[PDB]
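The structure appears below as structure tokens.
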Amino acid sequence: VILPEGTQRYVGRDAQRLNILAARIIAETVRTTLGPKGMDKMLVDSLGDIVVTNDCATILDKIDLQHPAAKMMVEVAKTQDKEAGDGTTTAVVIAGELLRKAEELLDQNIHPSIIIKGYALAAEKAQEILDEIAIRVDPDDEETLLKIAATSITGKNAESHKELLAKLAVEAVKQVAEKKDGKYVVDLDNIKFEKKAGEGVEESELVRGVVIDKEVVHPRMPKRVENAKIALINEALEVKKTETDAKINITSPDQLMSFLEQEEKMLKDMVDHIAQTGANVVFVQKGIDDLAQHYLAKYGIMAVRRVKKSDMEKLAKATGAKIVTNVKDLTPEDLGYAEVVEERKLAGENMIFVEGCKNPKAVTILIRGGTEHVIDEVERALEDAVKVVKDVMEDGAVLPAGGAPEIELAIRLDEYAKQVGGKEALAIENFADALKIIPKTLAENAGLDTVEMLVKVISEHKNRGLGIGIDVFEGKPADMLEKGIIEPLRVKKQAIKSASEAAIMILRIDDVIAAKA
Amino acid sequence: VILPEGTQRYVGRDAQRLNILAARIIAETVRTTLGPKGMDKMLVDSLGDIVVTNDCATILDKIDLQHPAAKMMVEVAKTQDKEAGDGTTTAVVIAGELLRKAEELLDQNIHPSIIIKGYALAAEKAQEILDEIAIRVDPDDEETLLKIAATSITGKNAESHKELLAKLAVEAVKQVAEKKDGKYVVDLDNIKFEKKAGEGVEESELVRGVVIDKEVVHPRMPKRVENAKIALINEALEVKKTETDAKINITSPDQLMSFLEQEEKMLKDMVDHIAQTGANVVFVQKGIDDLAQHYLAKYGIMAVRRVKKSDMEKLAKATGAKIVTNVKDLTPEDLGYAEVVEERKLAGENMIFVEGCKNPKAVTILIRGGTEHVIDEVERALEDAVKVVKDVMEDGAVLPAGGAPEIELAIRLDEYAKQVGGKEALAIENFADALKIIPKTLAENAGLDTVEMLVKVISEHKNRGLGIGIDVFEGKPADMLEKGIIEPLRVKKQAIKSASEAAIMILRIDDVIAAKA
Amino acid sequence: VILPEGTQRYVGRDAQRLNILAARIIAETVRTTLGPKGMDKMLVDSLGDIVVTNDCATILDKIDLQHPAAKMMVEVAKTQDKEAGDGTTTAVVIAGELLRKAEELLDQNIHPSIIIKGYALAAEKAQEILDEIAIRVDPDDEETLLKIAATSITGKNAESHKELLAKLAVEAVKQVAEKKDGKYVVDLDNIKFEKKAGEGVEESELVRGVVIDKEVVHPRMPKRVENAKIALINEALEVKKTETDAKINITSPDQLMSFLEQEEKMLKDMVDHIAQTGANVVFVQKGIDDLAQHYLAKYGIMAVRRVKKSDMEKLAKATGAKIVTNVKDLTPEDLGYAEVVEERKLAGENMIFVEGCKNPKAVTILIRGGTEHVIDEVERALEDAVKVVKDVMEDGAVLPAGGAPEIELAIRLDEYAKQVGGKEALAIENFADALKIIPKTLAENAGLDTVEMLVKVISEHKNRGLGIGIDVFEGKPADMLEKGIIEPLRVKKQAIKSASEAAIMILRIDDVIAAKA
Ligand SMILES: Nc1ncnc2c1ncn2[C@@H]1O[C@H](COP(=O)(O)OP(=O)(O)O)[C@@H](O)[C@H]1O
Ligand SMILES: Nc1ncnc2c1ncn2[C@@H]1O[C@H](COP(=O)(O)OP(=O)(O)O)[C@@H](O)[C@H]1O
Ligand SMILES: Nc1ncnc2c1ncn2[C@@H]1O[C@H](COP(=O)(O)OP(=O)(O)O)[C@@H](O)[C@H]1O
Ligand SMILES: [Mg+2]
Ligand SMILES: [Mg+2]
Ligand SMILES: [Mg+2]
């Protein structure tokens with residue numbers, strides 16, 4: 001034929017209008033979750049599985065979006081979550097709003113070219129305004145670092161114990177943190193989250209070490225060790241074999257017994273190499289023969305087999321131990337330390353706690369909660385609580401919350417609009433207006449008077465200053481700095497980046513050609 | 001069941017959303033025809049019938065609207081066309097736009113109550129402002145009446161001879177106009193339109209009488225009468241019969257003859273009663289026997305039968321003759337005068353022209369054109385032309401064209417908003433901004449830069465005063481007064497009532513319940 | 001079979017549960033139209049037809065309820081509209097509400113019997129409490145009568161002219177009103193409503209006579225009579241025939257004429273009989289032969305044929321004329337007087353106005369307006385306005401509005417519940433509570449804080465007194481008496497009566513058996 005049937009195409013206004021609509025819809029879908037008063041969503045996938053969350057990234061990810069432009073709105077939250085860790089909603093909402101105001105200009109007949117260029121200037125000029133107004137704080141200031149973490153947790157469900165969770169999140173990042181070049185660098189992978197139902201979120205805590213979901217491989221081995229000298233062996237503690245094909249040919253009765261002992265020996269020899277280093281705790285990545293388990297047990301050594309590669313590494317980093325491939329070359333220096341290593345039946349489940357390490361470079365947070373739901377949402381809160389603390393240590397720059405930065409950006413970006421002037425100024429004025437959905441949908445979700453509320457806030461801000469924003473807990477504008485309600489200078493900078501990029505990306509597509517969706 | 005199935009329903013956001021959207025769609029369908037540059041639409045009905053026009057009223061009507069809120073938009077053009085006769089498109093567009101700016105306020109969470117109240121104040125205050133700025137003129141000032149007529153014809157197809165047509169229109173309304181109470185009063189029904197194909201719109205002329213589409217009932221009757229004495233008879237010129245059932249019983253041969261003669265006599269006795277008044281031209285509403293015809297012929301009288309009651313009434317006002325029910329009581333005080341009455345074969349189509357009438361109180365405008373479409377559209381042009389000339393003679397007030405009044409209204413109404421303040425001020429301010437679609441879409445249909453051109457006009461007007469509007473032929477702002485381009489103060493006053501009412505009616509519906517559409 | 005398949009049946013819990021649901025659903029549908037701030041609904045019948053209203057009665061009637069318990073809710077509005085004309089929404093709401101609280105008591109396992117008996121006691125005590133607190137007024141006090149009417153018109157669309165319309169209604173009812181037994185008695189059938197599109201609701205006038213949609217039958221007759229002596233003839237002015245079959249047998253030529261003349265004569269003598277009374281205006285219920293028209297024209301008499309039987313009686317009551325079956329007995333004492341009877345062409349349509357009547361016992365209200373919808377709704381407003389004025393003149397007792405009565409009934413009916421005690425007390429308490437949906441949905445439709453508002457109002461009322469209610473225009477509690485916002489003591493009495501009976505009726509159905517719906 002001439003072109004695949006069932007393949008639709010849209011051009012000009014059509015393409016743009018739809019893409020913008022799609023994006024806007026998806027955006028309004030998540031805006032009901034913005035801020036402390038935000039509502040939750042219930043996602044029921046095709047396999048009955050139920051996900052109840054406040055998290056934008058999860059919602060957009062779990063929801064089966066079909067329209068292309070709406071799938072692009074997912075990337076926005078994806079990039080946000082991966083760069084600043086928080087403000088995923090903020091970015092998606094601003095992206096849709098930007099796209100709405102952008103259409104107003106299109107209807108008005110302004111060339112897409114002009115709108116794009118104006119958004120760029122408004123965007124670039126926006127970063128500038130933020131870097132400048134950013135309250136530069138001390139990279140490791142316990143004080144402000146606790147606030148950043150708590151303000152992040154006060155946006156989701158588990159805000160009932162923002163106290164504890166913030167403490168743990170700040171604590172856990174300071175521990176695994178790294179600063180040998182002047183400024184900090186935080187590899188968050190060095191923080192494992194352990195979730196176990198039962199108890200209360202009150203029982204959640206920081207394990208300065210690692211928690212592994214395995215058990216002691218043999219009955220006779222110790223279930224607890226005081227000052228453990230841990231050995232990390234990534235080798236199969238079993239009867240080795242030659243690469244070259246080989247088979248034993250018993251020719252006389254006494255051979256049956258000799259060969260078995262030959263292997264017992266081999267097995268007992270490897271275990272000896274491990275006992276000699278003075279190790280009383282061994283984590284093996286591969287398997288462990290039964291006989292090897294026997295000798296290991298006699299020496300009063302605690303061993304666990306089939307340890308997850310990712311677990312091995314966290315043990316190495318938390319105990320100071322060294323992973324080895326050959327037991328023969330194992331030395332006491334390869335061993336690591338843990339003030340206590342014990343198997344505990346937490347919720348009828350057997351887990352091993354490698355706690356009380358010297359100075360772990362990897363640490364674990366144990367999350368406790370009444371239901372799977374309570375837990376999964378607390379973990380989601382901590383991951384943001386942690387990702388933001390990480391941003392402040394590497395950045396040493398914070399901003400007030402409650403739309404305060406967007407209000408400032410709006411007011412300011414409008415002046416800039418004037419000096420730019422022309423068609424461009426229209427785009428720059430619209431872009432600056434768009435930034436208001438944050439303060440807007442913030443008081444909205446809180447059940448306040450949008451229209452009226454936004455007028456007092458743009459007033460106070462113009463009067464009192466940059467620290468003025470909306471306080472959904474106050475129902476009135478307030479100095480967010482005085483209330484410690486702040487957020488990473490990176491969260492805003494990345495939201496603005498992602499949003500405008502998306503907005504502009506769509507504003508540039510003048511034709512859509514799809515086949516089956 | 002509970003509520004009939006196949007019955008849909010919407011509430012709140014849903015209802016309004018869908019109603020506003022439906023209205024807007026309709027509005028934007030006709031907006032491409034606004035102004036002199038506007039475009040025509042081709043409408044093909046279910047029966048293959050073709051209609052090409054620029055008229056909103058015709059379009060909204062021929063197009064089969066299905067959605068409820070969209071049919072209510074047809075009511076707006078209907079009200080307008082039966083009150084000011086012009087600006088049907090204008091009323092609709094301002095209505096849709098008035099709704100669009102209204103949804104923006106709903107989204108902002110403003111109670112529909114507040115918006116309606118605000119739109120009411122704006123609409124009320126606008127009649128007031130129009131009344132004020134209105135340029136009072138002389139009820140019969142031949143001058144401004146010729147402009148108003150041509151400014152109207154210009155905005156349509158026919159603007160190619162706005163000269164001739166605007167003349168025929170001002171001339172024809174002055175002739176049939178009435179005024180015995182101090183002020184004029186025009187009954188447009190007294191102006192008949194005669195459409196006939198062939199020639200050019202150039203041959204279109206005013207007939208100070210009436211054109212009728214009938215023939216001279218008999219071959220030997222006069223095809224022309226100089227100073228005609230006209231008789232208007234609404235009685236059948238045929239052998240009357242008794243209400244009481246009756247039948248003749250011929251009993252002897254001589255009776256066949258004797259009876260036929262008794263009828264001839266009855267027939268002739270009537271033709272006599274007519275000839276004796278001096279009437280040389282007879283118009284009969286009912287039928288005419290063949291003998292009654294032969295007599296009228298022999299007396300040199302010209303007769304026409306089966307004349308439309310509506311045509312009889314027009315001849316009554318045009319020749320000053322009186323309609324009579326009984327020929328026996330026909331006095332010559334009942335005859336009428338027409339300078340010439342003749343049967344012309346206009347396009348192979350025989351017709352009777354009754355021209356040269358004394359002071360006709362009813363007249364006829366004959367239209368000529370190449371195609372059926374040319375004529376129909378010329379007729380439509382003349383109807384608005386006549387209808388406007390009527391508003392001025394009755395109203396004695398005009399306004400500048402090109403969206404000048406709406407621009408003045410926009411500007412002033414905003415100030416009013418300021419002084420009214422509150423949430424309503426937002427409704428009022430929006431209403432004011434809404435009015436800008438006329439200049440906006442006027443320039444747009446012209447091919448001008450909307451955004452830019454609209455800044456120029458709001459400027460000039462803001463400086464050079466009320467007469468400044470946009471001129472699609474000039475492609476820039478001008479003083480509409482100096483250009484002579486104007487419209488009736490009624491056209492704008494009605495467009496506002498019509499549109500604002502429609503808008504408020506829709507804004508009030510919070511629930512739609514339909515069974516099959 | 002045993003019982004037709006497709007015959008659903010419900011019992012006890014089920015039956016009552018569903019009935020109460022269907023009842024409440026209907027109730028909630030209309031409660032959004034309660035009060036001055038209420039919304040309108042758009043009704044689209046399967047044939048396309050569009051109806052936009054605020055009138056509960058029209059909505060319940062237009063919608064196609066299918067459920068039995070829902071249809072019963074239409075009867076509530078019907079009875080309300082026929083006993084007090086206003087408060088149709090109020091009764092349907094308090095009914096569904098009563099059913100809601102009633103089920104609460106059913107779930108508590110209280111026997112339907114008890115709920116029914118407690119509701120009857122609450123209902124009974126209600127009237128009593130209403131008669132007592134009712135503010136007795138002077139049956140014809142022009143003041144309170146003008147309020148009642150405006151207070152009523154304010155609760156619908158056309159409140160933009162609560163002023164004009166209220167006047168027209170108090171006036172129209174004071175006229176046609178009758179009272180010879182001491183107290184008043186109004187027959188609203190003597191108030192015809194005439195609706196014609198065009199103009200504004202401003203030109204609405206009270207024709208102290210009758211407007212008829214017919215025209216002067218003959219051309220040569222007067223289209224206007226100064227001091228009319230009117231004849232109401234219910235007889236056909238045409239050649240009478242015998243009951244006994246008959247037919248004329250013409251035998252000689254001279255007969256064709258002698259017979260026609262004999263009929264002309266018959267006809268003429270009928271007209272002579274009418275002329276001899278001095279009558280210049282004739283209204284004939286039946287036909288009017290052609291000749292009969294001609295003779296009537298010569299005498300300079302204005303005649304209209306085919307007048308509606310309903311119209312004839314209005315003419316008889318307005319002009320004082322007496323309908324006559326036989327022209328032969330028409331005497332001058334049968335004629336009636338009208339200061340002016342003229343054929344005016346209102347809204348392009350010919351009509352006959354009979355105004356300036358002596359002391360009309362029947363009067364017409366002419367309604368003007370832009371669209372058909374503005375018209376129909378104004379009429380609905382007026383019918384309620386007329387009907388409330390009627391209640392006060394007959395009752396001579398009023399009450400404050402904005403829920404003031406219901407608040408008083410709630411507060412009071414509770415103490416009554418105390419003295420009754422037992423399960424009954426629970427039914428009585430719930431009944432007293434249900435009555436709050438009025439103040440409740442009144443503030444709710446306005447957009448006020450339902451919960452908080454309903455507490456300020458019960459407080460004030462407990463303090464200031466019976467006149468304390470909600471003023472949707474004030475957004476706060478107010479003394480409705482000092483405000484002039486009042487309603488007929490009958491409307492409230494009838495609401496309780498209606499609702500409680502409807503409720504008790506359903507509370508009594510323990511089994512439902514249906515075949516197809
Ligand atoms: N106490 C508060 N009052 C008003 N706004 C707050 C408060 N705390 C946080 N916010 C705001 O809420 C937003 C974060 O809400 P959230 O639901 O977590 O979505 P997101 O994915 O964008 O972080 C931020 O813009 C922040 O400024
Ligand atoms: N020469 C002109 N220049 C600018 N505007 C004009 C001119 N002539 C008419 N208009 C405007 O165009 C509109 C009338 O256009 P038209 O297509 O006839 O639609 P409508 O049904 O509203 O009369 C009016 O608002 C009028 O002011
Ligand atoms: N100004 C007002 N303020 C508060 N309530 C009012 C006002 N005017 C009327 N009402 C109330 O609104 C109700 C009438 O509203 P309406 O929409 O006409 O419905 P209904 O069919 O019950 O008359 C009455 O109960 C009355 O007390
Ligand atoms: Mg967050
Ligand atoms: Mg026009
Ligand atoms: Mg009412």
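Here, A, B, ... name the chains of the structure tokens in the order displayed, residue numbers run from 1 inside each chain, and ligands are numbered from 1 in the same displayed order.
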Using only C-alpha atoms, which protein or nucleic acid residues come within 7 Å of residue 263 (chain C)? Drop anything in the same chain fewer than 4 positions from it, and give the result as a PDB file with C-alpha atoms, in the first residue's frame.
ATOM      1  CA  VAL C 239     -76.494  29.393   6.762  1.00  0.00           C
ATOM      2  CA  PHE C 259     -82.250  30.779  -3.174  1.00  0.00           C
ATOM      3  CA  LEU C 267     -77.185  35.629   6.983  1.00  0.00           C
TER       4      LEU C 267
END
Could you write out, as a PyMOL selection string, all the residues of region 359-405 of chain A that DSSP marks as alpha helix (DSSP H)? chain A and resi 372-395+404-405
Chain A contacts to chain B at 12 Å (only C-alpha atoms) as a count of residues only: 30
Please identify every polymer residue within 7 Å of ligand 4, using only C-alpha atoms and all ligand atoms, and present the set as a ChimeraX atom specification. /A:86-87,152-153,155-156,384
Per-residue nearest contacts chain C to ligand 3, cut-off 8 Å, using only C-alpha atoms and all ligand atoms, as a Markdown table:
| residue | atom | partner | partner_atom_place_in_ligand_line | distance |
| --- | --- | --- | --- | --- |
| C:33 | CA | ligand 3 | 17 (O) | 5.1 |
| C:34 | CA | ligand 3 | 17 (O) | 3.8 |
| C:35 | CA | ligand 3 | 12 (O) | 3.1 |
| C:36 | CA | ligand 3 | 8 (N) | 5.4 |
| C:37 | CA | ligand 3 | 17 (O) | 7.6 |
| C:38 | CA | ligand 3 | 17 (O) | 5.8 |
| C:54 | CA | ligand 3 | 17 (O) | 6.3 |
| C:55 | CA | ligand 3 | 21 (O) | 6.4 |
| C:56 | CA | ligand 3 | 21 (O) | 6.0 |
| C:57 | CA | ligand 3 | 21 (O) | 7.8 |
| C:86 | CA | ligand 3 | 23 (O) | 4.9 |
| C:87 | CA | ligand 3 | 22 (O) | 3.3 |
| C:88 | CA | ligand 3 | 21 (O) | 3.9 |
| C:89 | CA | ligand 3 | 21 (O) | 3.7 |
| C:90 | CA | ligand 3 | 22 (O) | 3.7 |
| C:91 | CA | ligand 3 | 22 (O) | 6.8 |
| C:151 | CA | ligand 3 | 8 (N) | 5.3 |
| C:152 | CA | ligand 3 | 18 (O) | 6.3 |
| C:153 | CA | ligand 3 | 18 (O) | 7.3 |
| C:154 | CA | ligand 3 | 8 (N) | 5.7 |
| C:155 | CA | ligand 3 | 18 (O) | 3.9 |
| C:156 | CA | ligand 3 | 18 (O) | 5.8 |
| C:400 | CA | ligand 3 | 27 (O) | 7.3 |
| C:401 | CA | ligand 3 | 27 (O) | 3.6 |
| C:402 | CA | ligand 3 | 5 (N) | 3.2 |
| C:403 | CA | ligand 3 | 27 (O) | 5.1 |
| C:404 | CA | ligand 3 | 27 (O) | 7.3 |
| C:438 | CA | ligand 3 | 25 (O) | 6.3 |
| C:439 | CA | ligand 3 | 5 (N) | 7.6 |
| C:442 | CA | ligand 3 | 5 (N) | 6.1 |
| C:443 | CA | ligand 3 | 4 (C) | 7.6 |
| C:469 | CA | ligand 3 | 4 (C) | 7.3 |
| C:470 | CA | ligand 3 | 4 (C) | 4.9 |
| C:471 | CA | ligand 3 | 3 (N) | 3.4 |
| C:472 | CA | ligand 3 | 3 (N) | 4.2 |
| C:473 | CA | ligand 3 | 1 (N) | 5.9 |
| C:474 | CA | ligand 3 | 3 (N) | 7.7 |
| C:485 | CA | ligand 3 | 1 (N) | 6.0 |
| C:486 | CA | ligand 3 | 27 (O) | 7.2 |
| C:487 | CA | ligand 3 | 27 (O) | 6.9 |
Can you list, as number ranges by chain, all residues belonging to region 347-462 of chain A that DSSP tags as strand (DSSP E or B)? A: 350-355, 363-369, 397-400
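When only C-alpha atoms are used to measure the gap to residue 317 (chain C), the shortest distance among C:387, C:31, C:208, C:240 belongs to C:208.
We find CA of residue 460 (chain C) and CA of residue 435 (chain C) to be spaced 17.4 Å apart.
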Shell of 12 Å around region 77-80 of chain A, only C-alpha atoms, local chain residues under 3 positions omitted, as number ranges by chain: A: 26-27, 30, 55-61, 70-74, 83-95, 384, 387-388, 490-499, 501-502
Rounded to one decimal, what separation in Å do you get between CA of residue 112 (chain A) and CA of residue 507 (chain A)?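 Taking CA of residue 112 (chain A) and CA of residue 507 (chain A), their separation equals 6.5 Å.
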